[PDB]
Each structure stands twice: as C-alpha cells, then as structure tokens.
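A.B. asks: let me see the structure of the following:
(2 chains, ligands or ions: 6)
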Amino acid sequence: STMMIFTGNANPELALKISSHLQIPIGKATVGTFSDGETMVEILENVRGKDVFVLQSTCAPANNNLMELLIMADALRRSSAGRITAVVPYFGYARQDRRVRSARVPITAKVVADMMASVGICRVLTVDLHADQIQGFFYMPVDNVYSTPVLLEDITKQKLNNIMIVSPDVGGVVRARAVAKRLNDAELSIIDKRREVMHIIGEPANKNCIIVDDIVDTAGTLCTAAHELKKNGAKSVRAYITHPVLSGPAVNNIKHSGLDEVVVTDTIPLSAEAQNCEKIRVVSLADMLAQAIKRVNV
Amino acid sequence: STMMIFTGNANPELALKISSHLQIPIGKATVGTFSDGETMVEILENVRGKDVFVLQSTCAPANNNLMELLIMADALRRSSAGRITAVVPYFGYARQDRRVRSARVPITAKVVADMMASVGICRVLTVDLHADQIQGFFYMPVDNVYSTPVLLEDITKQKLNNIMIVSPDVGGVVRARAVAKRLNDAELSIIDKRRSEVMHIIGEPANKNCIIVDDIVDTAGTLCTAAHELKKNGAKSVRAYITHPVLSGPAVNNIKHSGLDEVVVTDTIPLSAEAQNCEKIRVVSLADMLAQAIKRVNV
Ligand SMILES: Nc1ncnc2c1ncn2[C@@H]1O[C@H](COP(=O)(O)OP(=O)(O)O)[C@@H](O)[C@H]1O
Ligand SMILES: Nc1ncnc2c1ncn2[C@@H]1O[C@H](COP(=O)(O)OP(=O)(O)O)[C@@H](O)[C@H]1O
Ligand SMILES: Nc1ncnc2c1ncn2[C@@H]1O[C@H](COP(=O)(O)O)[C@@H](O)[C@H]1O
Ligand SMILES: Nc1ncnc2c1ncn2[C@@H]1O[C@H](COP(=O)(O)O)[C@@H](O)[C@H]1O
Ligand SMILES: O=P(O)(O)OC[C@H]1O[C@H](O)[C@H](O)[C@@H]1O
Ligand SMILES: O=P(O)(O)OC[C@H]1O[C@H](O)[C@H](O)[C@@H]1O
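C.D. replies: Numbers count the residues shown, from 1 in each chain, chains lettered A, B, ... in the order given. Ligands and ions are numbered 1, 2, ... in the order given. Right below this line is the structure:
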C-alpha cells in the first residue's frame, strides 16, 4: 500500500520474482549509463512518503551495481521517499571486513557501509552475510536472513541417507553445523588445508557428503575438497552454496570436478556459460525475500 | 622530502610523467581486482606521516577508477598517512551537479564529493572543473587549475591571423572569453542551438580562423555541429582546443569526417587506440602544470 519496489541492473530476474510474490509491480525508473559510461538514474514515479525498497545485489560488476544503488537512493531521498531500504541479497565487498595483521589495505566493507548511510538508506536486507558481525558496521538496522531453510528443503528432496555435512574450510564450520543440526543432527567434517595439502577432519568413507558454504567464487577449494573427499571413499559429493560468484575458471573447475551437483541460490544471476553447466542448479530465495520485505513494510 | 605519490589504473602514463617532473618515484602499491572483479588495493610502502598524493582521473571506467581512488585513500588513512590529496585531473560525474527543474535524479557530483570526504581525503586538485561551483560541494579545499596557459602557448605556436574564439554552446562562454581575452584580446562568437535542433551563431565568423574552446569532448556532437555551422557561415578554417578527451561512442569517427583542421586535447584522460590513430587529434600535456600544482601544496 505504502510499498514500492525498484531495481537496478544487478539481478532483474530476481526482482521480477520478488515482485510476483509481493503482487506489486516494479516501479518505473531509468537505470543505465550516459554515452561515456557514467551511471545514469531517473526515478519515474512519485515516491513522496512511500516505503521504498531498492532491490540490488552488489555482485559483479560490483562498483557499477553499487553506484546504481547509491544514486537511486540519492534520487529517492531528494524526491522525499518516506523510507529507503536497500535489499542487497548478495553483499559485495563483505570479504574485505578487516585489516588482516594490520596490513596496509582498505576495509572496503566499512567504506561501503558508510556509503550507504551517506545517501540516506535506512535499512539493509541481505542473505547469508559473509560475516554476521558486518551488522555492526552500520548504525541502521541490518537484517541478515539465512538461506538454510531453502537449501535444507532441496537437500530433503534428494532423499539421501548416510549424510555428512562438510565445511570446506575452518571458517565455514558455523554455517555447515547449521545445516547438519537440521538433518537429524547429521555428522560434520571439516577440511583443513596445510602448508599445499588438504586434510579431512572426520571420516567420509561411504558417506553422501554435502559441502556447505556461503560463496563459490573460483571453486578452487570447492573442487579440491570434492577430490579429497572422493579419494577418501565418499559415496557421493555435492555442494550447497548460497552465492554463485563463479569467477574465472569456476565453471570449468566444476564441470571437470567430482561433484555430483552444485546447488546455488539466485542472489546472483548465472552467466550464460554457468546456465549451460549441467552440474549447476539454482533454487530461489524470491519467496523468502518477499516475506522479509513484507515484515519490515510500514 | 615528505612527498609520496601513488596512482591507480586510470591514467598511468600521466602519473609517470608527473613523477618524472617531480623527480620522485611512484610509490609501490597493488591496485587491481580480485578474481571476481572487486577492487583490490594494498599499499606497499610505509606512508606514516607522509604528504601523500593519489593521481587518479575518474574517467571511464568511472566507477572502477573512483573506487580505486577511494579505497586507496581508505588504506592510506588507516596506515596513518599524514595527509591525503586526491589529484583528479578529469573529475568524472561533474555534469550531474544539480537536479534540473527538480527532476527525480541524483546529484552524483555531490555523492562523489561526500564519498571523498568520507574516506579522509584532505584536498582535491583537478583541471578545468566542468563547473567551478563544484568547489562548494566540499568542506576540504579544492584547487581547480586552468589549462589555459598550456592551450594558449600551443595556439601561439600556430601563428594564426584573424583569430576568432568560438564557444560551441551558451554555457561555454565564460571559458571561451577567458581564452580570447588572454590571446591578444581576440574576437568571440557563440553557437546558440534552438530545438526548432537548429543552429545559430552570435557573432560574425566569416573569413576568420575559428578556434572552438570547450572543457569536454564526449560524443563530439557539440564540437562537430559547431564546426559545421562555422564552415557553413564562411569561416576560413576551424580547429578546437578541448581539455578533456572523453571521446565516447562515435566521437573519433565524427571528428574524422568533420571539417576540423585539428582537435587539440590534454592528457587528463588516456586516448583509445582509435583516437591515437586519428591524425586530427593531438595531445598537449599537463604533466608539468600538475607537477607544479602538487609542489605548491606539498608540506
Ligand atoms: N572479492 C574478493 N575475492 C577474494 N578474496 C577477497 C575478496 N575481498 C577480500 N578478499 C580477501 O579475503 C581475505 C579474508 O577473507 P575471509 O573469508 O573474511 O577470511 P579468511 O581469509 O579466513 O577466509 C582477506 O585477505 C581479503 O583481502
Ligand atoms: N556523463 C554524462 N554524459 C552526458 N550527460 C550528462 C552526464 N552527466 C550528467 N549529464 C546531464 O547533462 C545535463 C547538465 O549538463 P550541463 O552541461 O551542466 O548543462 P546543460 O544541461 O545546459 O548541458 C543534465 O541533464 C545531466 O543529466
Ligand atoms: N592468533 C590468531 N587468532 C585468530 N585469528 C587468526 C590468528 N592468526 C591468524 N588469524 C587469522 O587467520 C587467517 C590467516 O591464517 P594464518 O595462515 O594462520 O595467517 C586470517 O584471517 C587471520 O586474521
Ligand atoms: N545459517 C547460518 N549461517 C550463519 N550463522 C548461523 C546460521 N544458523 C545459525 N547461525 C549462528 O549460530 C549460532 C547458534 O544459534 P542456533 O544454532 O540457532 O541456536 C548463532 O550465533 C547464530 O547466529
Ligand atoms: O575458493 P573460492 O571459491 O575462490 O572462494 C570461496 C571462499 O571465499 C570465502 O572465504 C567464502 O567463505 C568461501 O569459502
Ligand atoms: O557534445 P558532447 O561532446 O557529447 O558533450 C560535450 C559537452 O557536454 C558538456 O556540456 C561540455 O561542457 C561540452 O560542451
């Protein structure tokens, strides 16, 4: 009623699905570039006093997708939108969230958080934030929704027994345990790479192994984890990973790996090449995100 | 002694020329991308207490070049640089500097100014800012240096008579007059288009060697339509001096097929290979001017 939704160019397919679940159309807006490539925005709706949600992951191309979101917010703010919420299902730059050992590097996730505050965004809604502590980078509320229910429901459809959940690094154990907890408290193993050489903490022999992670980027560790699980007698290996970044050699890595299937969500659209990769399959968070948007709408 | 310079990927050739004039090396820093395209920066020098200058036009790719500048500044700031100056010879997004008739548009130039303040930049140095009033978008000092001395020196080398300076639109008259006044107080004409778009000239260019002056050549529509109108109205020759060679889309081919004798541009923005192959386009360098401006603010 007060709710309006706009989208940039980052993931128009997900925006269309969210709109279908909300039963409200996508608001009209020019979001593109000038001839020279500068980001170009004009809002083509009256937004005064409206509860406005901008649907825009900051996936590749990250800086262009971020600038679209930021200057959409700037345009909406000076046009007197009542509230501006950034729905950023995949939050780019989240891995740059500290200076490891005080290295002379930026904290780009904090730069981005401050950018969003600077243009008058009032809330962030995001999925499986790489570090939930990124909530504290913001004064504004940050709703970090977990993809676990949708990934769990798809795992259930596979009708597997002897399930073992595998964390592919020591940083992903919390997310991996959250899946294992809901599968009759399934077994959990952790991949521990040293020096060069990977070690499995746990016993994968004759197990249907399911690697769980938040991001698949180059898929290098995902595929080396799958090879080592199979070399140690896994009955099968699949992966459930929220955000399909899939940069560089990722699709070829997956194609030539021992993974049965890699299931990802639609926080990031797949390239044409990834859409043609028979091992990759998408499950949707559009319903979950629509429900989250309805919960905050006022 | 206290000065350090770094550069991103926007215009390394200009950065290296400035470095050569200052006789100080470019500081070591990784400026690139992670595999997924996210901007990646690591400063590879001790910068503590140093007077640091980051050389980075925000020309195309504008958002990537801007992000490099911003997170270079963020890295330098957390590394305790003494001062951080953004040397941005071409300031991208300067044309989005108001909401025309309160349209529902961003003021992106102000978004960008606030971005620079937010990462701890202490000063901006820029060339021929599209609107000098953008200085007031900032709390920090903004030094807007004019390219005029370099363009005047080059015009003088041509040894032309019957010179007429031409503003190719009504917003360029202040810049064009500043050149005309300093060029032996030359005559001035103005191109005035009306969507009837029909061209009209204010002034008399017949039999004159006309020199179009402007800040940006982007698609070259303004430039080429002005050059055609001047030739149609009897100009003896037409050339152009335009600071920033954005040169998007069909710009180079438009210039190639125009009647322009020459288009002189600066090196605030690197030329594409196609522009480099266009005999009509010639570059004059602002490396010395920018080096001197950097020396002037160095503490
Ligand atoms: N887009 C990116 N792609 C790959 N690595 C990144 C990216 N952004 C930051 N990083 C790097 O990832 C590292 C931190 O990642 P994170 O998952 O938070 O912890 P860990 O290093 O334990 O995996 C840092 O070295 C950081 O520079
Ligand atoms: N990168 C760009 N390329 C082309 N036009 C732009 C760009 N950025 C902003 N603009 C548009 O140019 C117009 C303002 O330009 P300016 O030269 O200041 O005044 P004028 O409208 O008289 O040309 C605005 O409509 C703005 O939307
Ligand atoms: N003593 C420590 N306590 C907690 N985290 C650490 C420690 N040492 C390194 N790390 C983190 O571990 C990662 C790198 O591991 P390493 O190979 O041990 O340097 C980086 O994310 C560091 O921030
Ligand atoms: N899917 C998930 N991703 C990341 N963290 C989670 C997830 N599920 C639970 N947690 C965290 O795990 C901890 C234990 O909470 P719980 O397991 O829900 O009792 C809390 O800090 C949660 O935030
Ligand atoms: O091996 P890649 O797919 O390139 O990187 C993916 C990892 O990058 C981040 O740490 C995520 O948490 C994943 O574990
Ligand atoms: O005609 P284009 O080359 O695309 O645009 C360049 C013009 O755009 C701006 O007004 C500048 O001041 C120039 O006059």
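A.B. asks: before we move on, which element is residue A:116 in?
C.D. replies: Secondary structure assignment for residue A:116, by DSSP states H and E: helix A:108-118.
A.B. asks: restrict that helix to CA atoms and write it as PDB.
C.D. replies: C-alpha atoms of helix A:108-118 as PDB (Å, rounded to 0.1, in the frame of the first residue of the first chain):
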ATOM      1  CA  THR A 108      36.100  -1.900   1.900                       C
ATOM      2  CA  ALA A 109      33.000  -3.400   3.600                       C
ATOM      3  CA  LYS A 110      33.100  -0.500   6.000                       C
ATOM      4  CA  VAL A 111      33.700   2.000   3.200                       C
ATOM      5  CA  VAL A 112      30.500   0.600   1.500                       C
ATOM      6  CA  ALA A 113      28.500   0.600   4.800                       C
ATOM      7  CA  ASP A 114      29.400   4.300   5.200                       C
ATOM      8  CA  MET A 115      28.500   5.000   1.600                       C
ATOM      9  CA  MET A 116      25.000   3.500   2.100                       C
ATOM     10  CA  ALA A 117      24.500   5.600   5.200                       C
ATOM     11  CA  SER A 118      25.700   8.700   3.400                       C
END
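A.B. asks: summarise which helices and strands that helix is packed against.
C.D. replies: Under the contact criterion of 3 or more C-beta pairs under 8 Å, 6 or more residues apart in numbering or on different chains; DSSP states H and E, helix A:108-118 touches helix A:62-78, helix B:62-78, helix B:108-118. For the C-beta atoms, the positions are set from N, CA and C on the backbone; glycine is no exception.
A.B. asks: how about those helices in CSV, adding distance to residue A:92 and mean neighbour count?
C.D. replies: Below are the helices and strands packed on helix A:108-118 laid out as CSV (distance: least, C-beta to C-beta, whole Å; neighbours: other C-beta atoms under 10 Å in any protein chain shown):
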stretch, distance to residue A:92, mean neighbour count
helix A:62-78, 4, 25
helix B:62-78, 11, 25
helix B:108-118, 16, 21
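A.B. asks: near ligand 1, which residues of chain A?
C.D. replies: A:95, A:96, A:97, A:100, A:171, A:217 (C-beta under 6 Å from any ligand atom).
A.B. asks: out of these, what pair is the most spread apart?
C.D. replies: The most widely separated members of those, counting by C-beta to C-beta, are A:100 and A:217 (17.5 Å).
A.B. asks: rewinding a little: which of the helices and strands packed on helix A:108-118 sits closest to residue A:116?
C.D. replies: Shortest separation from residue A:116 across those is recorded for helix A:62-78, at 7.0 Å, computed as C-beta to C-beta.
A.B. asks: does residue A:40 really touch residue A:34, like I thought?
C.D. replies: Yes. Residue A:40 is in contact with residue A:34 according to C-beta atoms under 8 Å; the separation is 5.0 Å.
A.B. asks: give me the subset of the residues of chain A next to ligand 1 that also touch chain B.
C.D. replies: Among the residues of chain A next to ligand 1, the residues lying close to chain B (C-beta under 8 Å from any C-beta of the partner chain) are A:95, A:96, A:217.
A.B. asks: quick check: the nearest residue to the first one once chain neighbours are set aside vs chain B, distance?
C.D. replies: Beyond its immediate neighbours in the sequence, the residue positioned closest to residue A:95 (C-beta to C-beta, 6 or more residues apart in numbering or on different chains) is residue A:130, lying 5.7 Å away. Applying C-beta to the nearest C-beta, to the nearest Å, the value for residue A:130 to chain B is 12 Å.
A.B. asks: residue A:132 too?
C.D. replies: 20 Å.
A.B. asks: show the contacting residues for that residue.
C.D. replies: residue A:144 (C-beta atoms under 8 Å, 6 or more residues apart in numbering or on different chains).
A.B. asks: these two touch, right, residue A:6 and residue A:44?
C.D. replies: No. Contact between residue A:6 and residue A:44 fails when scored by C-beta under 8 Å: they sit 9.6 Å apart.
A.B. asks: from residue B:172, how far out is residue A:242?
C.D. replies: 52 Å (C-beta to C-beta, to the nearest Å).
A.B. asks: same check, this time on residue A:8
C.D. replies: Note on residue A:8: its distance to residue B:172, by C-beta to C-beta, is 33 Å.
A.B. asks: contact partners for the residue nearest to residue A:206 when sequence neighbours are not counted?
C.D. replies: In space, and not counting its chain neighbours, residue A:206 is closest to residue A:235: 5.2 Å by C-beta to C-beta, 6+ apart. By C-beta under 8 Å, 6+ apart, residue A:235 lies in contact with A:162, A:206, A:207, A:208, A:209.
A.B. asks: the third one contacts residue A:164, doesn't it?
C.D. replies: Yes. In terms of C-beta under 8 Å, residue A:207 counts as a neighbour of residue A:164; the distance is 4.0 Å.
A.B. asks: overlap in contacts, those two.
C.D. replies: The contact lists of residue A:207 and residue A:164 share residue A:187, where a contact means C-beta under 8 Å, 6+ apart.
A.B. asks: residues in the stretch 151-298 of chain A within reach of chain B, list them.
C.D. replies: Looking at chain B, the residues of the stretch 151-298 of chain A close enough under C-beta under 8 Å from any C-beta are A:217, A:218, A:245, A:247, A:248.
A.B. asks: state which one residue of the stretch 51-200 of chain A is found closest to ligand 6.
C.D. replies: Using C-beta to the nearest ligand atom, the single residue of the stretch 51-200 of chain A nearest to ligand 6 is residue A:71, 19.2 Å away.
A.B. asks: list the contacts for that residue?
C.D. replies: With C-beta under 8 Å, 6+ apart, residue A:71 has these contacts: A:39, A:41, A:119, B:106, B:108, B:111.
A.B. asks: could you dump the helices and strands packed on helix A:108-118 to JSON lines with distance to ligand 2?
C.D. replies: Output for those, formatted as JSON lines (distance: least, C-beta to the nearest ligand atom, whole Å):
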{"stretch": "helix A:62-78", "distance to ligand 2": "11"}
{"stretch": "helix B:62-78", "distance to ligand 2": "8"}
{"stretch": "helix B:108-118", "distance to ligand 2": "7"}
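A.B. asks: what about these, which gets the closest to ligand 5?
C.D. replies: helix A:62-78 (14.9 Å).
A.B. asks: so who does the closest residue to ligand 1 within the stretch 1-150 of chain A touch?
C.D. replies: As assessed by C-beta to the nearest ligand atom, ligand 1 sits closest to residue A:95 within the stretch 1-150 of chain A, at 3.6 Å. Neighbouring residues of residue A:95 by C-beta under 8 Å, 6+ apart: A:109, A:130, A:215, B:38.
A.B. asks: and the nearest residue to residue A:161 once chain neighbours are set aside, bridged to which residues?
C.D. replies: Distance criterion C-beta to C-beta, 6+ apart; nearest residue to residue A:161, sequence neighbours excluded, is residue A:208 at 7.1 Å. Assessed by DSSP bridges, residue A:208 has beta-bridge partners residue A:163, residue A:236.
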